[PDB]
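[1] sequence first, structure after; it's an experimental one.
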Amino acid sequence: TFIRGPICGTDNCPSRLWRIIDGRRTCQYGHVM
Amino acid sequence: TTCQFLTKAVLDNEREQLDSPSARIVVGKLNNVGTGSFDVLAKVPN
Amino acid sequence: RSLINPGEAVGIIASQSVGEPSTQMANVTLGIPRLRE
Amino acid sequence: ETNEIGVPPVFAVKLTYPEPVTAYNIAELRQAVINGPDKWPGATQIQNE
Amino acid sequence: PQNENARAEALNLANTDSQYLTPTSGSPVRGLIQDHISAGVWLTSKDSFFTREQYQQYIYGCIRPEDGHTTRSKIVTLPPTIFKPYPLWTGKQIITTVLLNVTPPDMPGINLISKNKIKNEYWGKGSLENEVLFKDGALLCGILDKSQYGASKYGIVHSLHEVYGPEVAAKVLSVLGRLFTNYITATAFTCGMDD
Amino acid sequence: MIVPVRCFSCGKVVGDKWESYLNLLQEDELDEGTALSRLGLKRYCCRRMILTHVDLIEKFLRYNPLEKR
Amino acid sequence: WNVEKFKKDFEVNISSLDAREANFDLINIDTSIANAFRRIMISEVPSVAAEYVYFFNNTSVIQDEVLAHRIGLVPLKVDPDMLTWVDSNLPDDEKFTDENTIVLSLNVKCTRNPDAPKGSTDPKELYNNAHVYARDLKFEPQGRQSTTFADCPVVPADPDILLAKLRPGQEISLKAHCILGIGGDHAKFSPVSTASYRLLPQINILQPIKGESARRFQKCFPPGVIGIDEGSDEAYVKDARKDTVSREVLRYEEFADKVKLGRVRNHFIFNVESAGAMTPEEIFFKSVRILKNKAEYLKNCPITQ
Amino acid sequence: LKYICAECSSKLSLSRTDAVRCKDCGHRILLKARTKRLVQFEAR
Amino acid sequence: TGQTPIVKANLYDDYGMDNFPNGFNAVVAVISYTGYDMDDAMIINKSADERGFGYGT
Amino acid sequence: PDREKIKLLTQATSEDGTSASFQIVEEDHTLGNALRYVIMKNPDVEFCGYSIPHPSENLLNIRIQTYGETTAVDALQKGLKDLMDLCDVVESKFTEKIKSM
Amino acid sequence: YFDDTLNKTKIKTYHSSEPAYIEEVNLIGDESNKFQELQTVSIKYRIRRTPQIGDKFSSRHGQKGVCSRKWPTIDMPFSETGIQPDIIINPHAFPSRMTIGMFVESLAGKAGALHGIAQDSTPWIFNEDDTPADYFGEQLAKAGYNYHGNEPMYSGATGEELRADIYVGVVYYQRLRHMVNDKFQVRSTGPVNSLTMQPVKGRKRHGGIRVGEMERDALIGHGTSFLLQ
Amino acid sequence: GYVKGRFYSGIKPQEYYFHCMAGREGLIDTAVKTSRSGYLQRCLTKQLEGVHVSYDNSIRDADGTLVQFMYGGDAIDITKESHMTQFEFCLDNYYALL
Amino acid sequence: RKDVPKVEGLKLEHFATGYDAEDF
Ligand SMILES: [Zn+2]
Ligand SMILES: [Zn+2]
């Protein structure tokens, strides 16, 4: 699940944002913000 | 009727002291139904 | 031991206590219209 | 039982009540995490401090 | 609910068992329905008799000490009503057997006198079966009814709720459900054109 | 839509007998009763399968996108 | 009680046996058993059935998933003893073997027969391969199956089962996989087509009945059940086993007091049909066999704390 | 031959930027024909 | 799979609902057995179902 | 040797083992109602019966309460043994009546 | 669909949670003398529907009920004949609904299936002088069943005979709409309506559940107040 | 409208058309009963929402305004009131209740 | 009124397990 944009709001990525409909937005290691 | 009350409400500069649940409900506080009547106070050595 | 408990809600009770059975159902005015009245 | 309620696994998987990581619970919550959102009893997210 | 405060209430305040009664009239809102009533009749009926096998089965059918059901370590069983020729347990004993198991052992049996909605005449001449009687947690007379384990004031479950506290009533009210269901699955029930 | 393969209740395999059943009513001009009995349908379980049946697929077959009129 | 007290008393009567239905009787066995003993035969007796269906193409009017299980319900004449179970934990490639699975292929195109005697309704002549039959399923040997099943190649037990109907230009091309499953798993395994029992209808007379009554009485039951004894004119049960228990007598007040209708205690009439995969007694062995195999399995199981 | 005239049933294929219609009839509605492809179904 | 209802009114054929079977004929026992069919009440034979009974789309 | 098939339920078991509660997976009325019958034939069994806590999931719970002459497990395996031997009787007889017919 | 502007190959995806099949694909051209490539397609999805638990059925007599459980066939009480019922409707669900025709249909349905003959249900073809009960059972008797249609059966679990003959027949049923798969939802995080920062209707976009005053009032009156709030 | 028929035997058409009327009367009445009462209850709840019994047992509206000094006047909880007046029952089971 | 015509020629369709029509 990709959109590349919005890097990652975690300074040990930045790894790579996909938005789920529930709006968590999720980066690959697994921050959900 | 909101405004007609709300009007009169403002006209008196009415302070609302947050008693009725609907009031408390709006603000988002606790209620005075029951599980919110008595306050839980901890204890501690000294 | 059967006493009421301080800090319940009867106001709601008495409301529901009237409200629910209303849903259950000279020539004086009767029923909900009378009750409404 | 009367006081009980049947819960479909669907709802079992979705609904989630985070439990404050303590001691007594860590024996579960580990396995609860390990299980997965796909495997009940599961776990879904983790709130860091 | 998302926090222990909430679910503390959901367990201890708004509850099935905690609420057995109308706030309105103070009447039982809870009880078995439909099938389970009609089962209890054909069970509590005098024409019911059960072998040691059937008897024990129906008990542990609804009891299962494996769970919090049984207050005891074993399942206490009554002597068969008819020893000779052929040992048998009546229906009414099965009820008595349950209450015996699920009630606190330390505490004396319920004692209750009540009616039910079936008049004596239906059973025949000189039958008392309208009158429901418990003495020391035993069912000595009458058949269990909507007026008993259904939702009814001054029924049995309403008395258990009163005497033994709602938790016991809640258990009882569920234990019967499994009992009757089992008994149904045995004898079934039906209504045909002939009826 | 098409002949059920098994009697729901019985589980007996009813799927084949249809063609022969029509054959019976058609050629032999039997009743509905005997043909079924002749096909060896005893349980009214497996009798209703054929008996009540509709081949509605036949109507479907009339619409074929894969061919000219 | 004791097993000998049983083995002495227990008795079997086979009324009839056929490659499909076998109706027999079991005397002095106990309902707790026979029932459970029965319904092992309705469920856990394993048999082969098509399970996974791979469509290469379906152009028919019948949508896929229907025609899928519509195949699955097709019986097969196969000895499940010639096949082995299928582990689900294996990867799909490994999940299937020649020892696991029987492969069935189906390929049909429907084409208009130009020979049609125009003014003809009959689709058999109008079209080519308009109707798809069970007998059309092709068995494809795999590995040793080529050897193994040479004796009795896999055939749908009822070759004339109608699967699909087709119109010209429409085709169906598929491969399906047949495996072992128990009827308990899914409704298409257990090769009963039904299995059941009943009790001997213990019908008994409370006082002699003769005259027109016996005749009237005899009419109240399936024929041959009630003999009218000659010279006493009185009615006697000839054989109850033929009775269907209509309780028709109970409608006639005259006889209502004179006869009780009942079942005997321990006795059973097994009517066991088959899907054609196995003769009933062949099944009925497995009925016994499996039940025994439960205990002998469980006896050997360690009981964990 | 991916497509079928929604009317005359004539089989056809198309190309990029092509008139969508039956080269025979001209019906501008077209069907996508099903082709040999592997699809799995469980008989359950 | 629809079935022509055995029990029928003559108009069913006149209006020709035959062309549109609305349901199926089911072997039904009026009984209290499973106990699961209490309120709404609807017990379906499992195997009967898996035989395609009442399958919709 | 499967250790997941059956498991003693310690909550309702006494310390001596005369009264036990067994749970068995992958079962139903079928095995139980036949099992209990064989078991109840054991004269030392004071109580026996089976429940199916919820029918959806497959679990069979068994009580065996014994007069104390033996443990429950003893009766249980005594029960199973007998049941095994019970089948063979039918297996024997049934085979005979076939070939004799 | 490839996009020229974004110079991307983009995609439409299947929204519904319930897995569907690709039934038909329709290439739709447009009028105004061709030159127009394919701008629009309609797609049939096929969706399997089986009788899931929660699916309303009905007879023709107005008896509506939810399927309670698919019932293991061995556990379904089986006839003297060996016929397990397809459907089992509670006998208690009558006197209240006062539907006799279903009992009658239960007879005739069976009666027909035996003799193989259709049975006219047209209203007012009977009278108090000729009842269908008398009529059809008469046929059942001649068919060798209980004149009342009741049948000897055996509990599928115990195997023992039920207390009394139970009433079996063949009744025409109707599977309805309102399958449970259409109706339910859970836990709506996603929507969080912009004005109120609150969820939204479930439907099929991931909403939630409205509470409301009468539900609010209970909490206050119900007792679960901390929780409720 | 007097109907001599019975559902077992069946009802004449005239009766039937009559009996259909009564049927419609019921169904119409069921619908309207839904809306009407539901509106009433909200009026009560809204105004009575704030009533508080305090640990003095006096009824007080949320602001503190006193309503009743004793709930029933006996302040007896209704859900617990049932068996109180049943003494003969309480006489029996005394050793239990005790 | 003409009563519902009785369907003529209704034999026994039902027979106990393991028997045919001819046996009766
Ligand atoms: Zn990150
Ligand atoms: Zn064209």
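    Sure, I can see it. Numbers count the residues shown, from 1 in each chain, chains lettered A, B, ... in the order given. Ligands and ions are numbered 1, 2, ... in the order given.
[2] what about the host helix or strand of residue J:96, near chain G?
    According to DSSP states H and E, residue J:96 maps onto helix J:72-100. Yes: interface with chain G: helix J:72-100 contributes J:73, J:76-77, J:80-94, J:96-98 (Cβ under 8 Å from any Cβ of the partner chain). Every residue, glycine included, has its C-beta placed from N, CA and C.
[3] strands along chain A, start to end?
    Ranges of strands in chain A, per DSSP state E, are A:18-19, A:25-26.
[4] also chain H?
    Under DSSP E, chain H gives strands at H:3-5, H:11-12, H:29-32, H:39-42.
[5] can you tell me how far residue C:16 is from residue C:24?
    Noted for residue C:16: a distance of 13 Å to residue C:24, by Cβ to Cβ, to the nearest Å.
[6] meant to ask about residue I:38, not that
    23 Å.
[7] which residue is the nearest non-sequential neighbour of whatever residue of chain A ends up closest to chain H?
    Residue nearest to chain H within chain A: residue A:1 (24.9 Å; Cβ to the nearest Cβ). Spatial nearest neighbour of residue A:1, chain neighbours left out: residue A:18 (3.7 Å); criterion: Cβ to Cβ, 6 or more residues apart in numbering or on different chains.
[8] can you point me to the longest helix in chain D?
    Longest helix in chain D by number of residues, with DSSP state H as the criterion: helix D:26-35.
[9] what about the residue nearest to the spatial centre of chain E, which helix or strand?
    Most central residue of chain E, judged by C-alpha distance to the mean C-alpha position with Cα atoms, centre = their mean, is residue E:176 at 4.7 Å. Using DSSP H and E, residue E:176 sits in helix E:166-187.
[10] so what does that helix touch, helix or strand wise?
    Packing contacts for helix E:166-187, counted by 3 or more Cβ pairs under 8 Å, 6 or more residues apart in numbering or on different chains; DSSP states H and E, involve helix E:35-44, helix E:52-62, helix E:91-102, helix E:156-164.
[11] hmm, who's touching the last one?
    So that's helix E:156-164. The contact list for helix E:156-164 (Cβ atoms under 8 Å, 6 or more residues apart in numbering or on different chains) reads E:20-21, E:28, E:31, E:99, E:103-104, E:107, E:110, E:112, E:114, E:132, E:134, E:144, E:148-149, E:152, E:168-169, E:172-173, L:82-83, L:89, L:93, L:96-97.
[12] mind checking which of these are buried?
    The neighbour count (16 or more other Cβ atoms under 10 Å in any protein chain shown) marks E:20-21, E:28, E:31, E:99, E:103, E:107, E:110, E:112, E:114, E:132, E:134, E:144, E:148-149, E:152, E:168-169, E:172-173, L:82-83, L:89, L:93, L:96 as buried among the contacts of helix E:156-164.
[13] ok, back up a step: residue I:38 and residue C:24: which is more packed in?
    Set residue I:38 next to residue C:24 and count neighbours by other Cβ atoms under 10 Å in any protein chain shown: residue I:38 wins out with 19 against 7.
[14] ok, the residue positioned nearest the centre of chain J to residue J:86 distance?
    Centroid check for chain J by Cα atoms, centre = their mean gives residue J:35 as the closest residue, at 3.9 Å. Per Cβ to Cβ, residue J:35 is found 11 Å from residue J:86.
[15] anything in stretch G:172-191 near chain I?
    Yes: Stretch G:172-191 lies within reach of chain I by Cβ under 8 Å from any Cβ, at G:183, G:186, G:187, G:188.
[16] and of those residues, the nearest to chain M?
    Ranked by distance to chain M (Cβ to the nearest Cβ), the residues of stretch G:172-191 next to chain I are led by residue G:183 at 20.4 Å.
[17] in what helix or strand does the spatially closest residue to residue I:10 that is not a sequence neighbour lie?
    Using Cβ to Cβ, 6+ apart and skipping residues adjacent in sequence, the residue nearest residue I:10 is residue K:122, 5.5 Å away. Under the criterion of DSSP H and E, residue K:122 resides outside all helices and strands.
[18] residue K:122 touches residue I:13, doesn't it?
    No: between residue K:122 and residue I:13 there is no contact under Cβ atoms under 8 Å: 11.1 Å.
[19] for the residue of the stretch 151-300 of chain G found nearest chain A, grab phi and psi.
    The nearest approach of the stretch 151-300 of chain G to chain A comes at residue G:177, 33.7 Å away (Cβ to the nearest Cβ). Torsion angles at residue G:177 (phi, psi; degrees, to the nearest 10) stand at phi -120, psi 130.
[20] how about residue B:35?
    Per-residue torsions, residue B:35: phi -60, psi 10 (degrees, to the nearest 10).
[21] in a strand, residue K:44, correct?
    Yes: in this structure, residue K:44 lies within a strand as judged by DSSP: H, G, I helix; E, B strand; the rest coil.
[22] done for today, thanks.
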